[PDB]
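Okay, entry-v9.csv now, which holds CSV, C-alpha atoms:
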chain,number,residue,atom,x,y,z
Y,841,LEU,CA,0.3,13.7,-21.2
Y,842,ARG,CA,3.0,12.9,-18.7
Y,843,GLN,CA,5.1,11.4,-21.5
Y,844,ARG,CA,4.4,14.6,-23.5
Y,845,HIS,CA,5.7,16.5,-20.4
Y,846,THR,CA,8.9,14.5,-20.5
Y,847,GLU,CA,9.6,15.0,-24.2
Y,848,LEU,CA,8.6,18.6,-23.7
Y,849,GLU,CA,11.1,18.9,-20.8
Y,850,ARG,CA,13.8,17.2,-23.0
Y,851,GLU,CA,13.0,19.7,-25.8
Y,852,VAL,CA,13.0,22.7,-23.4
Y,853,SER,CA,16.4,21.5,-22.1
Y,854,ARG,CA,17.7,21.2,-25.7
Y,855,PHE,CA,16.5,24.8,-26.5
Y,856,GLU,CA,17.7,26.2,-23.2
Y,857,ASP,CA,21.1,24.5,-23.7
Y,858,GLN,CA,21.3,25.5,-27.4
Y,859,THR,CA,20.3,29.1,-26.7
Y,860,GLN,CA,22.8,29.3,-23.7
Y,861,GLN,CA,25.8,28.0,-25.8
Y,862,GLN,CA,24.7,30.0,-28.9
Y,863,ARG,CA,24.2,33.3,-26.9
Y,864,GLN,CA,27.6,32.8,-25.1
Y,865,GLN,CA,29.7,32.3,-28.3
Y,866,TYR,CA,27.7,34.9,-30.2
Y,867,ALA,CA,27.8,37.4,-27.3
Y,868,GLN,CA,31.6,36.8,-27.0
Y,869,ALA,CA,31.9,37.5,-30.8
Y,870,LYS,CA,29.6,40.7,-30.3
Y,871,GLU,CA,31.7,41.9,-27.3
Y,872,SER,CA,34.8,41.3,-29.5
Y,873,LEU,CA,33.3,43.6,-32.2
Y,874,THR,CA,32.5,46.2,-29.5
Y,875,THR,CA,36.1,46.0,-28.2
Y,876,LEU,CA,37.4,46.4,-31.8
Y,877,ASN,CA,35.2,49.4,-32.6
Y,878,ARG,CA,35.7,51.0,-29.1
Y,879,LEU,CA,39.4,50.5,-28.5
Y,880,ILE,CA,40.6,50.4,-32.2
Y,881,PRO,CA,37.9,51.9,-34.6
Y,882,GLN,CA,40.7,52.7,-37.1
Y,883,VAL,CA,42.6,54.3,-34.1
Y,884,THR,CA,45.5,52.1,-35.4
Y,885,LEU,CA,45.9,54.8,-38.1
Y,886,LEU,CA,46.8,57.3,-35.3
Y,887,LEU,CA,49.3,54.7,-33.8
Y,888,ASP,CA,50.6,53.8,-37.4
Y,889,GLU,CA,53.2,51.5,-35.7
Y,890,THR,CA,55.7,54.4,-36.1
E,841,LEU,CA,-17.7,32.5,-27.1
E,842,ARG,CA,-18.2,34.1,-30.5
E,843,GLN,CA,-18.1,37.5,-28.8
E,844,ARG,CA,-14.8,36.4,-27.2
E,845,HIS,CA,-13.4,35.3,-30.6
E,846,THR,CA,-14.3,38.7,-32.1
E,847,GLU,CA,-12.6,40.7,-29.4
E,848,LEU,CA,-9.6,38.2,-29.4
E,849,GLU,CA,-9.2,38.7,-33.2
E,850,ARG,CA,-9.2,42.5,-32.6
E,851,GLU,CA,-6.5,41.9,-29.9
E,852,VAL,CA,-4.5,39.5,-32.2
E,853,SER,CA,-4.5,42.3,-34.7
E,854,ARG,CA,-3.3,44.9,-32.1
E,855,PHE,CA,-0.5,42.6,-31.0
E,856,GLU,CA,0.6,41.9,-34.6
E,857,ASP,CA,0.5,45.7,-35.4
E,858,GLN,CA,2.5,46.5,-32.2
E,859,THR,CA,5.1,43.7,-32.6
E,860,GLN,CA,5.7,44.6,-36.3
E,861,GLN,CA,5.9,48.4,-35.6
E,862,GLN,CA,8.3,48.0,-32.6
E,863,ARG,CA,10.5,45.4,-34.4
E,864,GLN,CA,10.8,47.8,-37.5
E,865,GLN,CA,11.3,51.0,-35.5
E,866,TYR,CA,13.9,49.5,-33.2
E,867,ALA,CA,15.6,47.6,-36.1
E,868,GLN,CA,16.0,51.1,-37.8
E,869,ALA,CA,17.3,52.4,-34.4
E,870,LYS,CA,19.8,49.4,-34.4
E,871,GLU,CA,20.9,50.2,-38.0
E,872,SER,CA,21.4,53.9,-36.9
E,873,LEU,CA,23.3,52.8,-33.6
E,874,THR,CA,25.5,50.4,-35.6
E,875,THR,CA,26.4,53.2,-38.1
E,876,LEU,CA,27.4,55.5,-35.1
E,877,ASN,CA,29.3,52.8,-33.3
E,878,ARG,CA,31.1,51.9,-36.6
E,879,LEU,CA,31.9,55.3,-38.1
E,880,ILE,CA,32.1,57.6,-35.0
E,881,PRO,CA,32.6,55.5,-31.8
E,882,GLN,CA,34.3,58.4,-29.9
E,883,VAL,CA,36.1,59.4,-33.1
E,884,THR,CA,34.5,62.8,-32.4
E,885,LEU,CA,36.8,63.0,-29.3
E,886,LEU,CA,39.9,62.2,-31.5
E,887,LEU,CA,38.7,65.3,-33.6
E,888,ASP,CA,37.8,67.2,-30.4
E,889,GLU,CA,36.4,70.1,-32.6
E,890,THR,CA,40.1,71.3,-32.5
T,545,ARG,CA,20.2,60.4,-42.3
T,546,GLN,CA,18.8,60.2,-38.7
T,547,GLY,CA,17.8,63.6,-37.3
T,548,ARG,CA,18.9,66.8,-39.4
T,549,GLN,CA,21.5,68.2,-36.9
T,550,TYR,CA,21.6,65.7,-34.0
T,551,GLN,CA,23.9,66.7,-31.1
T,552,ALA,CA,27.2,66.0,-33.1
T,553,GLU,CA,29.2,67.8,-30.3
T,554,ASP,CA,28.6,64.9,-27.8
T,555,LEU,CA,26.6,61.9,-29.1
T,556,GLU,CA,27.5,59.1,-26.7
T,557,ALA,CA,24.3,59.7,-24.7
T,558,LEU,CA,22.3,58.8,-27.8
T,559,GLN,CA,24.3,55.6,-28.2
T,560,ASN,CA,23.4,54.7,-24.6
T,561,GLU,CA,19.6,55.5,-25.1
T,562,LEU,CA,19.6,53.5,-28.4
T,563,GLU,CA,21.1,50.6,-26.5
T,564,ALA,CA,18.3,51.0,-23.9
T,565,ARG,CA,15.8,51.0,-26.9
T,566,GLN,CA,17.5,47.7,-28.1
T,567,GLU,CA,16.7,46.3,-24.6
T,568,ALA,CA,13.2,47.7,-25.1
T,569,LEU,CA,13.2,45.8,-28.5
T,570,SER,CA,14.0,42.5,-26.6
T,571,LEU,CA,11.4,43.2,-23.9
T,572,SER,CA,8.6,44.3,-26.3
T,573,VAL,CA,9.1,41.5,-28.8
T,574,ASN,CA,9.3,38.8,-26.1
T,575,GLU,CA,6.2,40.2,-24.2
T,576,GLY,CA,4.2,40.6,-27.4
T,577,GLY,CA,5.2,37.1,-28.6
T,578,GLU,CA,4.4,35.3,-25.3
T,579,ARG,CA,1.2,37.3,-24.8
T,580,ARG,CA,-0.1,36.8,-28.3
T,581,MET,CA,0.7,33.1,-28.3
T,582,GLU,CA,-0.9,32.6,-24.8
T,583,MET,CA,-4.1,34.4,-25.9
T,584,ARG,CA,-4.0,32.3,-29.1
T,585,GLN,CA,-3.9,29.2,-26.8
T,586,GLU,CA,-6.9,30.8,-24.9
T,587,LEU,CA,-8.5,31.0,-28.5
T,588,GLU,CA,-7.8,27.2,-28.9
T,589,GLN,CA,-9.5,26.5,-25.6
T,590,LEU,CA,-12.3,28.6,-26.9
T,591,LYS,CA,-12.4,26.8,-30.2
T,592,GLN,CA,-12.5,23.3,-28.5
T,593,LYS,CA,-15.3,24.7,-26.3
X,545,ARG,CA,41.2,36.7,-26.9
X,546,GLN,CA,39.7,35.5,-30.3
X,547,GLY,CA,42.3,34.2,-32.8
X,548,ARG,CA,46.1,34.1,-31.8
X,549,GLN,CA,47.4,36.8,-34.2
X,550,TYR,CA,44.5,36.7,-36.7
X,551,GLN,CA,45.5,39.5,-39.1
X,552,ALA,CA,45.6,42.2,-36.4
X,553,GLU,CA,47.7,44.5,-38.8
X,554,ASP,CA,44.4,45.4,-40.6
X,555,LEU,CA,41.4,43.8,-38.9
X,556,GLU,CA,38.6,45.7,-40.7
X,557,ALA,CA,37.3,42.7,-42.6
X,558,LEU,CA,36.7,40.7,-39.3
X,559,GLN,CA,34.2,43.3,-38.1
X,560,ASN,CA,32.1,42.6,-41.2
X,561,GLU,CA,32.2,38.8,-40.4
X,562,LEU,CA,31.2,39.6,-36.7
X,563,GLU,CA,28.2,41.7,-38.1
X,564,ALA,CA,26.8,38.6,-39.8
X,565,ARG,CA,27.3,36.7,-36.5
X,566,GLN,CA,25.5,39.6,-34.6
X,567,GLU,CA,22.5,39.5,-37.0
X,568,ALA,CA,22.4,35.7,-36.6
X,569,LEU,CA,22.7,36.2,-32.7
X,570,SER,CA,19.3,38.0,-32.7
X,571,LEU,CA,17.7,35.4,-35.0
X,572,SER,CA,19.1,32.4,-33.1
X,573,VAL,CA,18.1,33.7,-29.6
X,574,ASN,CA,14.7,35.2,-30.7
X,575,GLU,CA,13.6,31.9,-32.3
X,576,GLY,CA,15.1,29.6,-29.6
X,577,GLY,CA,13.6,31.7,-26.7
X,578,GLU,CA,10.2,31.7,-28.6
X,579,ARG,CA,10.4,27.9,-29.1
X,580,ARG,CA,11.1,27.1,-25.4
X,581,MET,CA,8.4,29.7,-24.4
X,582,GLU,CA,5.8,28.1,-26.8
X,583,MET,CA,6.5,24.8,-25.0
X,584,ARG,CA,6.4,26.5,-21.6
X,585,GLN,CA,2.8,27.6,-22.4
X,586,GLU,CA,2.1,24.1,-23.9
X,587,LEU,CA,3.5,22.5,-20.7
X,588,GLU,CA,1.1,24.7,-18.7
X,589,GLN,CA,-1.7,23.6,-21.0
X,590,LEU,CA,-0.6,20.0,-20.8
X,591,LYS,CA,-0.4,20.6,-17.0
X,592,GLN,CA,-3.9,22.1,-17.1
X,593,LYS,CA,-5.1,19.2,-19.3
Show this structure as structure tokens.
Amino acid sequence: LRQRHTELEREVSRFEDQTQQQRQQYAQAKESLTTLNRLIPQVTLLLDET
Amino acid sequence: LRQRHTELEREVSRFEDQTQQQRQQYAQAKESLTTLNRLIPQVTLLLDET
Amino acid sequence: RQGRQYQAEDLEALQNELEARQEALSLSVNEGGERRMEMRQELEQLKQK
Amino acid sequence: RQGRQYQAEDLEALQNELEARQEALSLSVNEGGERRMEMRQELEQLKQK
């Protein structure tokens, strides 16, 4: 059962790492979508680069 | 222990019902929030009911 | 679609409450998930018993 | 911030890409978190065993 703990701790580390990286890149992408639809939700049509 | 199993099965059912209901209800809330933050994220202020 | 006439004059407060309800989604789904699986493990102890 | 120029002239299509990512965010974190949590309980069992 101690060997099982070790592999379990390895697997926990893999999921914690994977979830940390995944949530960081995906949250940065989600935050990018929020910046786009908050700062420029077709507001570029009011600007129109005139 | 069979009494415990019976009550535990009732409780499993309650958790399944609750987890389903909340995931659906909040997913429809997410779908409604995403339509608002897509179509009218402060666009109502650009309009200003002028 | 949602509501019939739903505070169209100033709706940002609803976006904030719906975000709070998405936090409630994450809390509720994780709590229900851990509690149901932990009580399922209690069921396994009971089954072995 | 993301991309270097990345079609900023008309960026509407990218929001749709980010939506697929946002859906997959929830799936990927919900499953991952549940897996580690399942093993947290199993670890406690193994610990209890």
Should the cut-off be 8 Å, what would the residue list for chain E against chain T look like, counting all atoms listed in the file, as a VMD selection string? chain E and resid 841 845 848 852 855 858 to 859 862 to 863 866 869 to 870 872 to 873 876 to 877 882 884 889
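Picture a line from CA of residue 868 (chain Y) to CA of residue 564 (chain X); it runs 13.8 Å.
Those residues of chain Y that fall within 9 Å of chain E when using all atoms listed in the file read residues 874, 877, 878, 881 and 883 of chain Y.
Considering the residues T:550, T:571, T:557, T:578 and counting only C-alpha atoms, chain X has its shortest atom-to-atom contact with T:578.
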Could you check how far CA of residue 857 (chain E) sits from CA of residue 844 (chain E), in Å to one decimal? 19.7 Å
Can you move chain Y onto chain E by a least-squares fit over all C-alpha atoms paired in order, then give me the moved copy as a PDB file with C-alpha atoms, keeping the file's coordinate frame?
ATOM      1  CA  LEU Y 841     -16.834  30.766 -29.742  1.00  0.00           C
ATOM      2  CA  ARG Y 842     -17.162  32.743 -32.930  1.00  0.00           C
ATOM      3  CA  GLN Y 843     -17.451  35.938 -30.879  1.00  0.00           C
ATOM      4  CA  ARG Y 844     -14.339  34.775 -28.956  1.00  0.00           C
ATOM      5  CA  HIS Y 845     -12.673  34.394 -32.419  1.00  0.00           C
ATOM      6  CA  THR Y 846     -13.538  37.975 -33.243  1.00  0.00           C
ATOM      7  CA  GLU Y 847     -12.238  39.483 -30.008  1.00  0.00           C
ATOM      8  CA  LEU Y 848      -9.260  37.200 -30.372  1.00  0.00           C
ATOM      9  CA  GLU Y 849      -8.687  38.503 -33.939  1.00  0.00           C
ATOM     10  CA  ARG Y 850      -9.077  42.132 -32.637  1.00  0.00           C
ATOM     11  CA  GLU Y 851      -6.519  41.351 -29.885  1.00  0.00           C
ATOM     12  CA  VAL Y 852      -4.109  39.627 -32.330  1.00  0.00           C
ATOM     13  CA  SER Y 853      -4.395  42.710 -34.589  1.00  0.00           C
ATOM     14  CA  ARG Y 854      -3.675  45.003 -31.595  1.00  0.00           C
ATOM     15  CA  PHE Y 855      -0.544  42.912 -30.667  1.00  0.00           C
ATOM     16  CA  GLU Y 856       0.590  42.558 -34.256  1.00  0.00           C
ATOM     17  CA  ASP Y 857       0.135  46.328 -34.786  1.00  0.00           C
ATOM     18  CA  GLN Y 858       1.748  47.216 -31.418  1.00  0.00           C
ATOM     19  CA  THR Y 859       4.692  44.876 -31.971  1.00  0.00           C
ATOM     20  CA  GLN Y 860       5.155  46.185 -35.626  1.00  0.00           C
ATOM     21  CA  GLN Y 861       5.216  49.915 -34.540  1.00  0.00           C
ATOM     22  CA  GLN Y 862       7.263  49.124 -31.377  1.00  0.00           C
ATOM     23  CA  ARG Y 863       9.865  46.964 -33.301  1.00  0.00           C
ATOM     24  CA  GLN Y 864      10.151  49.662 -36.074  1.00  0.00           C
ATOM     25  CA  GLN Y 865      10.865  52.625 -33.705  1.00  0.00           C
ATOM     26  CA  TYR Y 866      12.995  50.479 -31.419  1.00  0.00           C
ATOM     27  CA  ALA Y 867      14.885  48.875 -34.339  1.00  0.00           C
ATOM     28  CA  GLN Y 868      15.450  52.393 -35.820  1.00  0.00           C
ATOM     29  CA  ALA Y 869      16.830  53.503 -32.373  1.00  0.00           C
ATOM     30  CA  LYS Y 870      19.030  50.197 -32.290  1.00  0.00           C
ATOM     31  CA  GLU Y 871      20.306  50.802 -35.876  1.00  0.00           C
ATOM     32  CA  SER Y 872      21.070  54.408 -34.770  1.00  0.00           C
ATOM     33  CA  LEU Y 873      23.207  53.042 -31.873  1.00  0.00           C
ATOM     34  CA  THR Y 874      24.945  50.656 -34.318  1.00  0.00           C
ATOM     35  CA  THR Y 875      25.656  53.571 -36.702  1.00  0.00           C
ATOM     36  CA  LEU Y 876      27.032  55.622 -33.750  1.00  0.00           C
ATOM     37  CA  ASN Y 877      29.292  52.845 -32.461  1.00  0.00           C
ATOM     38  CA  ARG Y 878      30.363  51.739 -36.023  1.00  0.00           C
ATOM     39  CA  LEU Y 879      30.941  55.047 -37.761  1.00  0.00           C
ATOM     40  CA  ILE Y 880      31.834  57.210 -34.652  1.00  0.00           C
ATOM     41  CA  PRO Y 881      32.801  54.963 -31.600  1.00  0.00           C
ATOM     42  CA  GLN Y 882      34.833  57.902 -30.198  1.00  0.00           C
ATOM     43  CA  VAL Y 883      36.420  58.189 -33.743  1.00  0.00           C
ATOM     44  CA  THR Y 884      35.475  61.914 -33.325  1.00  0.00           C
ATOM     45  CA  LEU Y 885      38.575  62.107 -31.069  1.00  0.00           C
ATOM     46  CA  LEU Y 886      40.729  61.246 -34.154  1.00  0.00           C
ATOM     47  CA  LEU Y 887      38.820  63.953 -36.226  1.00  0.00           C
ATOM     48  CA  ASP Y 888      38.979  66.454 -33.196  1.00  0.00           C
ATOM     49  CA  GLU Y 889      37.348  69.088 -35.506  1.00  0.00           C
ATOM     50  CA  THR Y 890      40.904  70.432 -36.115  1.00  0.00           C
TER      51      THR Y 890
END
Put chain T on top of chain X with a least-squares fit on all C-alpha atoms, paired in order, and send it back as a short mmCIF file (atom, residue, chain, number, x, y, z; two decimals) with C-alpha atoms, keeping the file's coordinate frame.
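Wrote out_6.cif, looks like this:
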data_model
loop_
_atom_site.label_atom_id
_atom_site.label_comp_id
_atom_site.auth_asym_id
_atom_site.auth_seq_id
_atom_site.Cartn_x
_atom_site.Cartn_y
_atom_site.Cartn_z
CA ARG T 545 43.35 38.34 -26.36
CA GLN T 546 41.16 36.93 -29.22
CA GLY T 547 43.09 34.65 -31.58
CA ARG T 548 47.05 34.56 -31.16
CA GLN T 549 47.96 36.30 -34.50
CA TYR T 550 44.63 37.19 -36.16
CA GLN T 551 44.94 38.78 -39.63
CA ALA T 552 46.28 42.20 -38.26
CA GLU T 553 47.21 43.22 -41.89
CA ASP T 554 43.49 43.63 -42.89
CA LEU T 555 40.89 42.98 -40.14
CA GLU T 556 37.78 44.75 -41.40
CA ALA T 557 36.39 41.46 -42.76
CA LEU T 558 36.34 40.12 -39.21
CA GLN T 559 34.46 43.20 -38.03
CA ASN T 560 31.85 42.51 -40.73
CA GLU T 561 31.53 38.73 -39.79
CA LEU T 562 31.28 39.66 -36.05
CA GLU T 563 28.49 42.04 -36.96
CA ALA T 564 26.80 39.17 -38.86
CA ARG T 565 27.31 37.02 -35.64
CA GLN T 566 25.60 39.90 -33.64
CA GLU T 567 22.64 39.50 -36.08
CA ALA T 568 22.92 35.77 -35.43
CA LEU T 569 22.81 36.67 -31.64
CA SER T 570 19.46 38.56 -32.24
CA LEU T 571 18.04 35.74 -34.39
CA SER T 572 19.11 32.87 -32.07
CA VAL T 573 18.01 34.53 -28.85
CA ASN T 574 14.63 35.59 -30.28
CA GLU T 575 13.98 32.09 -31.87
CA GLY T 576 15.08 30.26 -28.73
CA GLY T 577 12.98 32.58 -26.51
CA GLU T 578 9.77 32.34 -28.61
CA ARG T 579 10.21 28.60 -29.16
CA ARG T 580 10.90 27.78 -25.55
CA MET T 581 8.04 29.92 -24.29
CA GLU T 582 5.58 28.44 -26.90
CA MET T 583 6.56 24.86 -25.94
CA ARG T 584 6.22 25.92 -22.27
CA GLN T 585 2.64 27.07 -23.16
CA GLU T 586 2.20 23.59 -24.86
CA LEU T 587 3.43 22.22 -21.37
CA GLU T 588 0.63 24.33 -19.69
CA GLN T 589 -1.94 22.85 -22.02
CA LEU T 590 -0.51 19.54 -21.08
CA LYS T 591 -0.61 20.30 -17.40
CA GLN T 592 -4.33 21.45 -17.55
CA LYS T 593 -5.01 18.21 -19.48
#
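Our summary of the geometry notes that CA of residue 582 (chain X) is positioned 11.1 Å from CA of residue 851 (chain Y).
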